[PDB]
Amino acid sequence: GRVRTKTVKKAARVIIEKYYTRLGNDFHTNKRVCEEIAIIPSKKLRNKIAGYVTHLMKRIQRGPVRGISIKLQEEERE
Amino acid sequence: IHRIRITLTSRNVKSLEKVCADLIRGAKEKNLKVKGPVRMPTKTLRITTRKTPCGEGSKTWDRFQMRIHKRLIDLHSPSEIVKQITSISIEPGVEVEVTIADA
Amino acid sequence: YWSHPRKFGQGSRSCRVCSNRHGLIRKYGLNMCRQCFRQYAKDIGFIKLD
Amino acid sequence: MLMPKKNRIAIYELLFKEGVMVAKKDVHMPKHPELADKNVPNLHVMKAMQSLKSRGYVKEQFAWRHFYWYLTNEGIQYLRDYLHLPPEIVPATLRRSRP
Amino acid sequence: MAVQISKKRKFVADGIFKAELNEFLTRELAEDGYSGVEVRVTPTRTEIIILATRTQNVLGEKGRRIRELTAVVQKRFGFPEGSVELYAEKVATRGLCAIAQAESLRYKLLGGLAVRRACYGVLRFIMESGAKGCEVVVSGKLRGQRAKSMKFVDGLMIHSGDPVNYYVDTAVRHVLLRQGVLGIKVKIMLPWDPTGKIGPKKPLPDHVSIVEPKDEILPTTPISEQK
Amino acid sequence: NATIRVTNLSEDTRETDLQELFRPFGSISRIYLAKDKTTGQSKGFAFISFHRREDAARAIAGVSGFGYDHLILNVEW
RNA sequence: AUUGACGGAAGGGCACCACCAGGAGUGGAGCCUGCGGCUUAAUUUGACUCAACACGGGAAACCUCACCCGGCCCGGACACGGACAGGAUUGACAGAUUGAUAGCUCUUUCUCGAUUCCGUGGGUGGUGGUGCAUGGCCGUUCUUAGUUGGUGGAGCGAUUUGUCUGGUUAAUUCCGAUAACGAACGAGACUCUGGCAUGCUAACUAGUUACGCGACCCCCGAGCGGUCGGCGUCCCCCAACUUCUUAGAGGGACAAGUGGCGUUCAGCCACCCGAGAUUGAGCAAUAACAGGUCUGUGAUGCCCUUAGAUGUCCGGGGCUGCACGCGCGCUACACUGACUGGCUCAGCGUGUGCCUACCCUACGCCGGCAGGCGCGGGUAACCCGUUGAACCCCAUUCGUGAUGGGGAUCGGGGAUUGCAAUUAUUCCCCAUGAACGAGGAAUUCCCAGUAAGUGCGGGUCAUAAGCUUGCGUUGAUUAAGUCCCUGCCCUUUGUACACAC
Ligand SMILES: [Mg+2]
Ligand SMILES: [Mg+2]
Ligand SMILES: [Mg+2]
Ligand SMILES: [Mg+2]
Ligand SMILES: [Mg+2]
Ligand SMILES: [Mg+2]
Ligand SMILES: [Mg+2]
Ligand SMILES: [Mg+2]
Ligand SMILES: [Mg+2]
Ligand SMILES: [Mg+2]
Ligand SMILES: [Mg+2]
Ligand SMILES: [Mg+2]
Ligand SMILES: [Mg+2]
Ligand SMILES: [Mg+2]
Ligand SMILES: [Mg+2]
Ligand SMILES: [Mg+2]
Ligand SMILES: [Mg+2]
Ligand SMILES: [Mg+2]
Ligand SMILES: [Mg+2]
Ligand SMILES: [Mg+2]
Ligand SMILES: [Mg+2]
Ligand SMILES: [Mg+2]
Ligand SMILES: [Mg+2]
Ligand SMILES: [Mg+2]
Ligand SMILES: [Mg+2]
């Protein structure tokens with residue numbers, strides 16, 4: 001199916017909004033960060049959340065995605 | 001001095017492994033040659049019954065099962081020292097069986 | 001009175017809960033009816049893992 | 001029912017000595033496990049306790065093909081006057097507490 | 001010694017002993033708030049720990065009833081005399097115990113009380129005792145001579161998966177009445193609490209909990225302290 | 001403040017036995033036996049102040065469980 | 001006017017309990033087994049489309065047993081009254097009698113010693129009735145995606161928005177549009193299991209590798225030669241180690257990386273690296289159904305019966321009866337085979353029992369076989385056991401013939417279990433040798449270690465599997481789609497329906 005559910009997406013979004021300064025586009029370092037900063041009860045949910053976090057950080061670079069509010073708004077002086 | 005063998009049996013892995021850890025740590029603190037935990041093959045006892053009390057339905061079955069885990073510890077020490085290695089807060093679902101080099 | 005031999009068969013064995021002679025489970029030394037087993041399984045220690 | 005007086009005296013003596021009486025619902029067991037030395041059938045234990053329960057001298061419980069009987073405070077006085085016991089002898093359960 | 005038995009038969013026999021002892025105590029100490037039994041093996045004695053709400057009636061009159069229970073347990077299960085001691089202990093919180101609450105609802109129904117006020121009272125007590133959710137289902141001949149089932153829910157109640165084995169405790173009981181038998185199902189969802197006896201330790205497996213970031217005042221110009 | 005709440009006490013239990021029970025941990029200051037009004041026995045509660053907040057903090061983990069007079073007693077702050 | 005249900009309405013979606021492409025079939029034959037009918041003393045009975053019919057764990061010789069024939073027993077508490085140590089009343093050897101060595105009944109008299117007997121009330125027991133009085137459990141709708149509050153918007157409400165045009169997904173799974181926003185149950189997550197680790201923790205109840213001893217083979221004189229499930233290094237070094245085995249902790253996979261499509265969104269397709277890019281199950285919502293079970297229960301209401309008993313025990317019979325009609329299956333119709341011999345490989349898992357009698361078996365000796373007699377191991381990673389399984393593989397015979405295919409039916413004999421084998425329990429040997437030449441109309445189940453072939457354990461079990469439940473072994477054809485058929489779900493639409501035409 002490969003369709004991530006609401007728990008994965010909502011958790012990923014809150015993780016990004018609170019810890020944007022510590023996530024790159026690297027699934028393994030993201031996985032380690034999300035296992036340090038969150039309390040995820042399993043390892044499959046940890047991996048799915050880190051995967052969606054990686055996929056979203058690969059979209060933050062190409063414009064503000066609808067749903068995430070971060071400090072990146074300030075640097076848009078234009 | 002004998003070849004004392006402690007056999008620990010349980011239905012859950014957590015308490016069994018923690019009792020094994022306590023015994024090994026207590027025995028290592030008092031300088032014993034401890035041949036550590038040997039793990040025998042877990043026995044799975046399986047009973048498959050019909051779900052229904054009557055004899056009507058879609059013929060579905062119920063698969064109950066119970067695992068039994070077994071651990072061994074080999075000490076080479078006098079009896080009175082193993083009498084204080086053991087007797088330290090054995091968990092409920094664990095059962096020990098000392099064999100003092102003879103039946 | 002109780003003259004007939006009852007050393008084997010369904011007559012010899014009965015459930016240890018209800019004394020019913022049908023559906024008896026003798027495996028591992030239970031001697032329990034299938035329904036009584038299905039009721040007391042969790043108390044005995046038979047979890048339903050799969 | 002009809003049982004020898006020795007059997008009834010033995011059953012009552014054991015019941016008053018402990019204060020409890022356990023039996024198995026099996027009318028064909030030839031000897032009761034606790035009274036085997038006096039050779040009483042299980043049926044006599046079951047029916048003597050039935051005759052005691054209907055008069056209100058024992059409380060009865062039943063679980064998993066086994067009867068349990070406790071000796072009430074009327075049964076104590078009854079069996080004390082029946083067995084001709086001096087009123088100092090006490091059942092094991094009642095009044096044998098320990099500080 | 002002469003008695004030796006395979007580990008399979010031994011574990012099944014131990015489970016059967018615990019099941020029969022629990023059934024006997026459930027029938028015997030029903031109106032005393034009996035919740036559970038725990039058999040603890042010690043080198044000198046065998047301790048049967050009875051969990052009850054009203055442990056003073058379990059103890060009896062100056063210890064009489066606990067002595068009678070000890071005597072029947074010894075005489076039925078064939079323990080050596082003096083090797084089995086029965087202790088009673090009070091359950092910590094009564095609201096988070098489905099067996100105690102099912103028995104409470106049972107005895108409230110045995111006395112003359114209406115089924116709806118009794119279920120609402122039990123449900124309100126369970127919810128006020130810290131439960132995340134509760135469900136009480138009473139089925140039987142409630143209104144007339146055509147049976148129906150009335151359920152009363154308040155709060156969260158999970159049903160499926162593995163968490164329903166440690167976050168939910170259920171209890172089924174019967175109530176013999178003049179016109180029939182009533183069935184009482186009570187199930188309570190315990191609250192999460194780390195390092196506590198109120199409920200489970202491990203959280204629900206789909207409850208991510210992000211730790212709040214510390215306030216991070218940023219630096220302006222590099223500085224270093226030579227301590 | 002040396003607060004000890006003994007629970008699950010027996011009817012036989014009086015001030016003296018609680019005294020002799022907590023005496024191997026030291027000296028006492030104030031026993032409080034929650035007796036029944038107009039009826040001479042306990043209601044299942046005892047409030048103990050041990051004149052020092054440290055040895056009571058040792059005895060809470062000591063006299064826990066213990067099965068006194070066929071009643072397992074739960075002690076708490 | 002609203003909510004449900006229905007329409008021999010109109011649009012979308014989904015499913016090998018639906019189809020398409022196919023595989024194996026079933027339906028045809030013989031037999032095993034369940035149901036109906038018929039017969040009978042009785043042939044106990046529940047259930048009838050899926051959701052009845054190898055189902056009641058239901059493979060019934062006795063028991064089970066509920067049915068039929070016949071005969072004992074009270075295991076009729078307790079209360080009241082009567083009779084009673086001048087005996088209330090229990091047992092009983094002999095003859096008859098009986099199926100009986102039931103003192104059941106009769107003659108005969110002994111014995112027992114307040115426990116009983118007899119009337120009235122009241123118990124108790126019941127695989128008796130009612131599952132359309134019920135509890136629990138189970139099945140089904142439906143394992144499909146469905147269900148419901150809080151606040152806010154819309155109305156006198158009932159109701160309704162959320163819960164949606166569309167895209168996507170296994171999924172009311174998400175993304176988007178947007179009077180909704182934020183949530184809950186179900187789905188997912190979760191638990192068990194399968195696949196990976198020469199990394200960690202360890203092991204004479206698992207082994208490997210070295211070393212030593214021994215047997216055998218070549219050889220010229222041969223060898224850091226080859227074979228060894230032969231022995232030993234467990235007397236503590238006089239060897240180390242964990243690859244294989246076991247099982248703990250962690251790690252590991254996330255559509256993560258690269259292209260392409262897509263509203264550059266959720267996602268989909270392909271590929272690299274990888275053990276693995278969809279392992280298989282368990283659990284499983286709100287509402288229901290006069291679904292099944294009173295024959296699982298010391299779960300249970302009411303009714304029936306209760307001593308010439310529908311309690312209970314014993315003896316015998318029956319469930320199995322046989323012109324016939326169905327359902328689940330097993331064996332086959334042969335040469336891609338049968339027969340004879342030879343050679344080589346498994347994985348689950350069980351094993352001496354409270355009452356309870358009944359375990360798995362190595363090795364030796366008799367017998368042609370089933371079997372018998374000795375003797376030892378095992379309460380089990382210790383013994384059976386390196387579980388020498390079958391199909392398969394290698395050679396021989398046969399030769400397209402109802403044949404050396406098939407093994408029904410039937411005759412004779414020998415053993416085992418049991419207290420008892422006839423209406424054949426099961427097993428073995430010789431003999432007989434039927435239909436059946438690939439099965440009409442219809443119809444089932446299924447997509448990867450899957451179908452199918454092939455054996456082995458468990459349950460039942462004193463005796464026993466053509467059943468079921470698991471396990472490995474050899475191992476594919478076809479497909480990566482659709483709404484045509486059969487059903488479900490949603491939306492619009494009509495209603496004189498709300499116990500749903
Ligand atoms: Mg959920
Ligand atoms: Mg799930
Ligand atoms: Mg087709
Ligand atoms: Mg076939
Ligand atoms: Mg056929
Ligand atoms: Mg269906
Ligand atoms: Mg048979
Ligand atoms: Mg016969
Ligand atoms: Mg019969
Ligand atoms: Mg007679
Ligand atoms: Mg005679
Ligand atoms: Mg009954
Ligand atoms: Mg029904
Ligand atoms: Mg029902
Ligand atoms: Mg509103
Ligand atoms: Mg019906
Ligand atoms: Mg029932
Ligand atoms: Mg009979
Ligand atoms: Mg039949
Ligand atoms: Mg069928
Ligand atoms: Mg042939
Ligand atoms: Mg022929
Ligand atoms: Mg078998
Ligand atoms: Mg069968
Ligand atoms: Mg079809």
# chains A, B, ... in the order shown; residues from 1 in each chain; ligands from 1

$ closest_atom_pairs --of "chain G" --to "ligand 10" --cutoff "9 Å" --atoms "only C-alpha atoms (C1' of nucleotides) and all ligand atoms" --output "Markdown table"
| residue | atom | partner | partner_atom_place_in_ligand_line | distance |
| --- | --- | --- | --- | --- |
| G:90 | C1' | ligand 10 | 1 (Mg) | 8.6 |
| G:91 | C1' | ligand 10 | 1 (Mg) | 7.3 |
| G:102 | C1' | ligand 10 | 1 (Mg) | 8.8 |
| G:103 | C1' | ligand 10 | 1 (Mg) | 5.8 |
| G:104 | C1' | ligand 10 | 1 (Mg) | 7.9 |

$ write_last_selection --atoms "N, CA, C and O atoms (P, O5', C5', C4', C3', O3' and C1' of nucleotides)" --output "PDB file, in the first residue's frame"
ATOM      1  P     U G  90     -35.622 -52.762  56.127  1.00  0.00           P
ATOM      2  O5'   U G  90     -34.079 -52.418  56.247  1.00  0.00           O
ATOM      3  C5'   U G  90     -33.140 -53.065  55.416  1.00  0.00           C
ATOM      4  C4'   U G  90     -31.780 -53.113  56.050  1.00  0.00           C
ATOM      5  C3'   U G  90     -30.838 -54.121  55.432  1.00  0.00           C
ATOM      6  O3'   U G  90     -30.220 -53.603  54.275  1.00  0.00           O
ATOM      7  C1'   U G  90     -30.740 -54.263  57.801  1.00  0.00           C
ATOM      8  P     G G  91     -30.347 -54.388  52.892  1.00  0.00           P
ATOM      9  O5'   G G  91     -28.994 -55.215  52.848  1.00  0.00           O
ATOM     10  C5'   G G  91     -29.016 -56.607  52.615  1.00  0.00           C
ATOM     11  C4'   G G  91     -28.033 -57.334  53.491  1.00  0.00           C
ATOM     12  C3'   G G  91     -27.970 -58.822  53.242  1.00  0.00           C
ATOM     13  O3'   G G  91     -27.162 -59.145  52.131  1.00  0.00           O
ATOM     14  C1'   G G  91     -28.174 -58.446  55.547  1.00  0.00           C
ATOM     15  P     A G 102     -25.022 -62.313  40.784  1.00  0.00           P
ATOM     16  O5'   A G 102     -26.553 -62.436  41.182  1.00  0.00           O
ATOM     17  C5'   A G 102     -27.530 -61.596  40.601  1.00  0.00           C
ATOM     18  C4'   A G 102     -28.234 -60.785  41.653  1.00  0.00           C
ATOM     19  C3'   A G 102     -29.065 -61.578  42.646  1.00  0.00           C
ATOM     20  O3'   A G 102     -28.279 -62.116  43.698  1.00  0.00           O
ATOM     21  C1'   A G 102     -30.294 -59.709  41.853  1.00  0.00           C
ATOM     22  P     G G 103     -28.825 -63.318  44.615  1.00  0.00           P
ATOM     23  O5'   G G 103     -29.786 -62.609  45.665  1.00  0.00           O
ATOM     24  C5'   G G 103     -30.483 -63.355  46.657  1.00  0.00           C
ATOM     25  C4'   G G 103     -31.560 -62.517  47.295  1.00  0.00           C
ATOM     26  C3'   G G 103     -31.056 -61.350  48.128  1.00  0.00           C
ATOM     27  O3'   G G 103     -32.040 -60.321  48.098  1.00  0.00           O
ATOM     28  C1'   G G 103     -32.268 -62.806  49.508  1.00  0.00           C
ATOM     29  P     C G 104     -31.844 -59.044  47.150  1.00  0.00           P
ATOM     30  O5'   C G 104     -33.026 -59.162  46.094  1.00  0.00           O
ATOM     31  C5'   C G 104     -33.510 -58.000  45.446  1.00  0.00           C
ATOM     32  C4'   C G 104     -34.741 -58.260  44.614  1.00  0.00           C
ATOM     33  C3'   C G 104     -35.841 -59.081  45.256  1.00  0.00           C
ATOM     34  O3'   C G 104     -36.656 -58.304  46.112  1.00  0.00           O
ATOM     35  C1'   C G 104     -35.488 -59.803  43.026  1.00  0.00           C
TER      36        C G 104
END

$ residues_near_ligand --ligand "ligand 2" --cutoff "8 Å" --atoms "only C-alpha atoms (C1' of nucleotides) and all ligand atoms" --output "ChimeraX atom specification"
/E:160-161 /G:187-190,283-284

$ residues_near_ligand --ligand "ligand 8" --cutoff "12 Å" --atoms "only C-alpha atoms (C1' of nucleotides) and all ligand atoms" --output "MDAnalysis selection string"
chainID G and resid 61:63 315:317 418:423 425

$ write_last_selection --atoms "N, CA, C and O atoms (P, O5', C5', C4', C3', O3' and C1' of nucleotides)" --output "PDB file, in the first residue's frame"
ATOM      1  P     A G  61     -17.424 -48.889  19.462  1.00  0.00           P
ATOM      2  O5'   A G  61     -18.128 -50.309  19.597  1.00  0.00           O
ATOM      3  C5'   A G  61     -19.303 -50.627  18.867  1.00  0.00           C
ATOM      4  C4'   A G  61     -19.863 -51.952  19.303  1.00  0.00           C
ATOM      5  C3'   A G  61     -20.260 -52.038  20.766  1.00  0.00           C
ATOM      6  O3'   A G  61     -21.570 -51.555  21.000  1.00  0.00           O
ATOM      7  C1'   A G  61     -18.901 -53.887  20.204  1.00  0.00           C
ATOM      8  P     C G  62     -21.859 -50.553  22.214  1.00  0.00           P
ATOM      9  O5'   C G  62     -21.453 -51.391  23.496  1.00  0.00           O
ATOM     10  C5'   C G  62     -22.234 -52.495  23.913  1.00  0.00           C
ATOM     11  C4'   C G  62     -21.826 -52.946  25.284  1.00  0.00           C
ATOM     12  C3'   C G  62     -21.886 -51.875  26.351  1.00  0.00           C
ATOM     13  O3'   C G  62     -23.182 -51.706  26.886  1.00  0.00           O
ATOM     14  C1'   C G  62     -19.812 -52.988  26.477  1.00  0.00           C
ATOM     15  P     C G  63     -23.811 -50.241  27.029  1.00  0.00           P
ATOM     16  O5'   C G  63     -22.687 -49.427  27.798  1.00  0.00           O
ATOM     17  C5'   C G  63     -22.533 -49.551  29.199  1.00  0.00           C
ATOM     18  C4'   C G  63     -21.403 -48.692  29.698  1.00  0.00           C
ATOM     19  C3'   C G  63     -21.563 -47.203  29.468  1.00  0.00           C
ATOM     20  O3'   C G  63     -22.354 -46.593  30.473  1.00  0.00           O
ATOM     21  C1'   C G  63     -19.380 -47.892  28.856  1.00  0.00           C
ATOM     22  P     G G 315     -23.292 -55.410  32.824  1.00  0.00           P
ATOM     23  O5'   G G 315     -24.398 -56.295  32.115  1.00  0.00           O
ATOM     24  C5'   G G 315     -24.547 -57.657  32.466  1.00  0.00           C
ATOM     25  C4'   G G 315     -25.673 -58.302  31.709  1.00  0.00           C
ATOM     26  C3'   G G 315     -25.735 -58.012  30.227  1.00  0.00           C
ATOM     27  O3'   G G 315     -24.788 -58.748  29.477  1.00  0.00           O
ATOM     28  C1'   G G 315     -27.892 -57.843  31.150  1.00  0.00           C
ATOM     29  P     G G 316     -24.182 -58.130  28.127  1.00  0.00           P
ATOM     30  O5'   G G 316     -25.400 -58.169  27.111  1.00  0.00           O
ATOM     31  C5'   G G 316     -25.874 -59.406  26.614  1.00  0.00           C
ATOM     32  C4'   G G 316     -27.165 -59.243  25.857  1.00  0.00           C
ATOM     33  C3'   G G 316     -27.152 -58.277  24.696  1.00  0.00           C
ATOM     34  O3'   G G 316     -26.508 -58.773  23.543  1.00  0.00           O
ATOM     35  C1'   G G 316     -29.095 -57.932  25.955  1.00  0.00           C
ATOM     36  P     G G 317     -25.755 -57.760  22.557  1.00  0.00           P
ATOM     37  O5'   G G 317     -26.937 -57.042  21.778  1.00  0.00           O
ATOM     38  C5'   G G 317     -27.791 -57.774  20.918  1.00  0.00           C
ATOM     39  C4'   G G 317     -29.030 -56.989  20.588  1.00  0.00           C
ATOM     40  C3'   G G 317     -28.837 -55.767  19.715  1.00  0.00           C
ATOM     41  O3'   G G 317     -28.678 -56.080  18.341  1.00  0.00           O
ATOM     42  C1'   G G 317     -30.208 -55.201  21.520  1.00  0.00           C
ATOM     43  P     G G 418      -5.517 -55.835  26.843  1.00  0.00           P
ATOM     44  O5'   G G 418      -7.078 -55.920  27.112  1.00  0.00           O
ATOM     45  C5'   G G 418      -7.866 -54.747  27.178  1.00  0.00           C
ATOM     46  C4'   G G 418      -9.317 -55.057  26.935  1.00  0.00           C
ATOM     47  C3'   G G 418      -9.883 -56.226  27.709  1.00  0.00           C
ATOM     48  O3'   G G 418     -10.198 -55.902  29.045  1.00  0.00           O
ATOM     49  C1'   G G 418     -10.551 -56.382  25.460  1.00  0.00           C
ATOM     50  P     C G 419      -9.664 -56.832  30.233  1.00  0.00           P
ATOM     51  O5'   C G 419     -10.982 -57.526  30.776  1.00  0.00           O
ATOM     52  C5'   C G 419     -10.998 -58.895  31.135  1.00  0.00           C
ATOM     53  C4'   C G 419     -12.373 -59.479  30.951  1.00  0.00           C
ATOM     54  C3'   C G 419     -12.813 -59.693  29.513  1.00  0.00           C
ATOM     55  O3'   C G 419     -12.340 -60.936  29.006  1.00  0.00           O
ATOM     56  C1'   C G 419     -14.532 -58.599  30.731  1.00  0.00           C
ATOM     57  P     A G 420     -12.486 -61.337  27.455  1.00  0.00           P
ATOM     58  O5'   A G 420     -14.004 -61.779  27.299  1.00  0.00           O
ATOM     59  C5'   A G 420     -14.467 -62.466  26.153  1.00  0.00           C
ATOM     60  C4'   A G 420     -15.795 -61.914  25.709  1.00  0.00           C
ATOM     61  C3'   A G 420     -15.829 -61.366  24.299  1.00  0.00           C
ATOM     62  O3'   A G 420     -16.052 -62.378  23.338  1.00  0.00           O
ATOM     63  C1'   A G 420     -16.803 -59.804  25.781  1.00  0.00           C
ATOM     64  P     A G 421     -14.948 -62.693  22.225  1.00  0.00           P
ATOM     65  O5'   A G 421     -15.268 -61.638  21.086  1.00  0.00           O
ATOM     66  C5'   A G 421     -16.569 -61.570  20.523  1.00  0.00           C
ATOM     67  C4'   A G 421     -16.594 -60.816  19.218  1.00  0.00           C
ATOM     68  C3'   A G 421     -15.784 -61.432  18.080  1.00  0.00           C
ATOM     69  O3'   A G 421     -16.453 -61.191  16.852  1.00  0.00           O
ATOM     70  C1'   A G 421     -15.051 -59.239  18.465  1.00  0.00           C
ATOM     71  P     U G 422     -16.367 -62.267  15.672  1.00  0.00           P
ATOM     72  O5'   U G 422     -17.837 -62.854  15.613  1.00  0.00           O
ATOM     73  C5'   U G 422     -18.246 -63.713  14.559  1.00  0.00           C
ATOM     74  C4'   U G 422     -19.735 -63.643  14.331  1.00  0.00           C
ATOM     75  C3'   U G 422     -20.252 -62.329  13.751  1.00  0.00           C
ATOM     76  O3'   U G 422     -21.367 -62.577  12.901  1.00  0.00           O
ATOM     77  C1'   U G 422     -21.286 -62.724  15.823  1.00  0.00           C
ATOM     78  P     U G 423     -21.459 -61.839  11.483  1.00  0.00           P
ATOM     79  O5'   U G 423     -21.789 -60.328  11.861  1.00  0.00           O
ATOM     80  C5'   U G 423     -21.644 -59.290  10.899  1.00  0.00           C
ATOM     81  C4'   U G 423     -22.277 -57.990  11.341  1.00  0.00           C
ATOM     82  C3'   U G 423     -21.758 -57.390  12.646  1.00  0.00           C
ATOM     83  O3'   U G 423     -21.702 -55.973  12.536  1.00  0.00           O
ATOM     84  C1'   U G 423     -24.096 -57.745  12.801  1.00  0.00           C
ATOM     85  P     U G 425     -14.938 -57.894  14.130  1.00  0.00           P
ATOM     86  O5'   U G 425     -15.104 -56.417  14.688  1.00  0.00           O
ATOM     87  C5'   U G 425     -15.203 -55.311  13.806  1.00  0.00           C
ATOM     88  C4'   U G 425     -14.436 -54.130  14.330  1.00  0.00           C
ATOM     89  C3'   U G 425     -13.130 -53.830  13.619  1.00  0.00           C
ATOM     90  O3'   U G 425     -13.307 -53.076  12.433  1.00  0.00           O
ATOM     91  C1'   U G 425     -12.764 -53.840  15.946  1.00  0.00           C
TER      92        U G 425
END

$ select_by_dssp --residues "segment 2-227 of chain E" --states "helix (DSSP H, G or I)" --output "ChimeraX atom specification"
/E:7-28,30-32,55-59,64-77,98-110,115-128,163-165

$ residues_near_ligand --ligand "ligand 17" --cutoff "12 Å" --atoms "only C-alpha atoms (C1' of nucleotides) and all ligand atoms" --output "ChimeraX atom specification"
/B:52-55 /C:35-36 /G:131,134-138,292-297,299-300

$ residues_around --residues "segment 38-43 of chain F" --least-positions-apart "3" --cutoff "9 Å" --atoms "only C-alpha atoms (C1' of nucleotides)" --output "PyMOL selection string"
chain F and resi 9-14+33-35+46

$ residues_near_ligand --ligand "ligand 25" --cutoff "9 Å" --atoms "only C-alpha atoms (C1' of nucleotides) and all ligand atoms" --output "PDB file with N, CA, C and O atoms (P, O5', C5', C4', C3', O3' and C1' of nucleotides), in the first residue's frame"
ATOM      1  P     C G  17     -13.186 -15.168  -4.006  1.00  0.00           P
ATOM      2  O5'   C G  17     -13.729 -16.486  -3.306  1.00  0.00           O
ATOM      3  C5'   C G  17     -14.506 -17.441  -4.010  1.00  0.00           C
ATOM      4  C4'   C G  17     -15.476 -18.131  -3.086  1.00  0.00           C
ATOM      5  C3'   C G  17     -16.924 -17.665  -3.172  1.00  0.00           C
ATOM      6  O3'   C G  17     -17.740 -18.499  -3.975  1.00  0.00           O
ATOM      7  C1'   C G  17     -16.161 -17.713  -0.877  1.00  0.00           C
ATOM      8  P     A G  18     -18.776 -17.883  -5.044  1.00  0.00           P
ATOM      9  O5'   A G  18     -17.893 -17.241  -6.204  1.00  0.00           O
ATOM     10  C5'   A G  18     -17.540 -15.867  -6.196  1.00  0.00           C
ATOM     11  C4'   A G  18     -17.809 -15.210  -7.519  1.00  0.00           C
ATOM     12  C3'   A G  18     -16.975 -15.692  -8.699  1.00  0.00           C
ATOM     13  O3'   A G  18     -17.522 -16.742  -9.474  1.00  0.00           O
ATOM     14  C1'   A G  18     -17.018 -13.300  -8.597  1.00  0.00           C
ATOM     15  P     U G 443     -23.625 -23.504 -12.423  1.00  0.00           P
ATOM     16  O5'   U G 443     -22.618 -24.048 -11.325  1.00  0.00           O
ATOM     17  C5'   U G 443     -23.099 -24.543 -10.087  1.00  0.00           C
ATOM     18  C4'   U G 443     -22.059 -25.384  -9.403  1.00  0.00           C
ATOM     19  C3'   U G 443     -20.714 -24.718  -9.195  1.00  0.00           C
ATOM     20  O3'   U G 443     -20.678 -23.853  -8.079  1.00  0.00           O
ATOM     21  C1'   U G 443     -20.382 -26.862 -10.107  1.00  0.00           C
ATOM     22  P     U G 444     -19.568 -22.702  -8.014  1.00  0.00           P
ATOM     23  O5'   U G 444     -18.467 -23.300  -7.040  1.00  0.00           O
ATOM     24  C5'   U G 444     -18.846 -24.034  -5.891  1.00  0.00           C
ATOM     25  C4'   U G 444     -17.701 -24.849  -5.361  1.00  0.00           C
ATOM     26  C3'   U G 444     -16.421 -24.079  -5.072  1.00  0.00           C
ATOM     27  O3'   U G 444     -16.261 -23.578  -3.763  1.00  0.00           O
ATOM     28  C1'   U G 444     -15.959 -26.061  -6.342  1.00  0.00           C
ATOM     29  P     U G 486     -26.240 -12.432 -12.340  1.00  0.00           P
ATOM     30  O5'   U G 486     -25.430 -13.025 -11.107  1.00  0.00           O
ATOM     31  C5'   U G 486     -25.500 -14.403 -10.779  1.00  0.00           C
ATOM     32  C4'   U G 486     -24.638 -14.712  -9.588  1.00  0.00           C
ATOM     33  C3'   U G 486     -24.890 -13.852  -8.367  1.00  0.00           C
ATOM     34  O3'   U G 486     -25.997 -14.308  -7.614  1.00  0.00           O
ATOM     35  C1'   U G 486     -22.563 -13.987  -8.774  1.00  0.00           C
TER      36        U G 486
END

$ residues_around --residues "residue 47 of chain C" --least-positions-apart "4" --cutoff "7 Å" --atoms "only C-alpha atoms (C1' of nucleotides)" --output "short mmCIF file (atom, residue, chain, number, x, y, z; two decimals) with C-alpha atoms, in the first residue's frame"
data_model
loop_
_atom_site.label_atom_id
_atom_site.label_comp_id
_atom_site.auth_asym_id
_atom_site.auth_seq_id
_atom_site.Cartn_x
_atom_site.Cartn_y
_atom_site.Cartn_z
CA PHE B 64 -3.89 -21.94 22.01
CA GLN B 65 -0.25 -22.40 22.84
CA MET B 66 2.15 -22.12 25.74
CA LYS C 42 -6.04 -18.04 30.08
#

$ interface_residues --of "chain B" --to "chain E" --cutoff "10 Å" --atoms "only C-alpha atoms" --output "VMD selection string"
chain B and resid 9 to 11 43 to 45 66 to 68 70 87 90 to 93 95 103

$ closest_atom_pairs --of "chain G" --to "ligand 4" --cutoff "10 Å" --atoms "only C-alpha atoms (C1' of nucleotides) and all ligand atoms" --output "JSON lines"
{"residue": "G:24", "atom": "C1'", "partner": "ligand 4", "partner_atom_place_in_ligand_line": "1 (Mg)", "distance": 8.8}
{"residue": "G:25", "atom": "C1'", "partner": "ligand 4", "partner_atom_place_in_ligand_line": "1 (Mg)", "distance": 7.1}
{"residue": "G:26", "atom": "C1'", "partner": "ligand 4", "partner_atom_place_in_ligand_line": "1 (Mg)", "distance": 8.8}
{"residue": "G:329", "atom": "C1'", "partner": "ligand 4", "partner_atom_place_in_ligand_line": "1 (Mg)", "distance": 9.4}
{"residue": "G:330", "atom": "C1'", "partner": "ligand 4", "partner_atom_place_in_ligand_line": "1 (Mg)", "distance": 8.3}
{"residue": "G:331", "atom": "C1'", "partner": "ligand 4", "partner_atom_place_in_ligand_line": "1 (Mg)", "distance": 8.3}
{"residue": "G:332", "atom": "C1'", "partner": "ligand 4", "partner_atom_place_in_ligand_line": "1 (Mg)", "distance": 8.5}
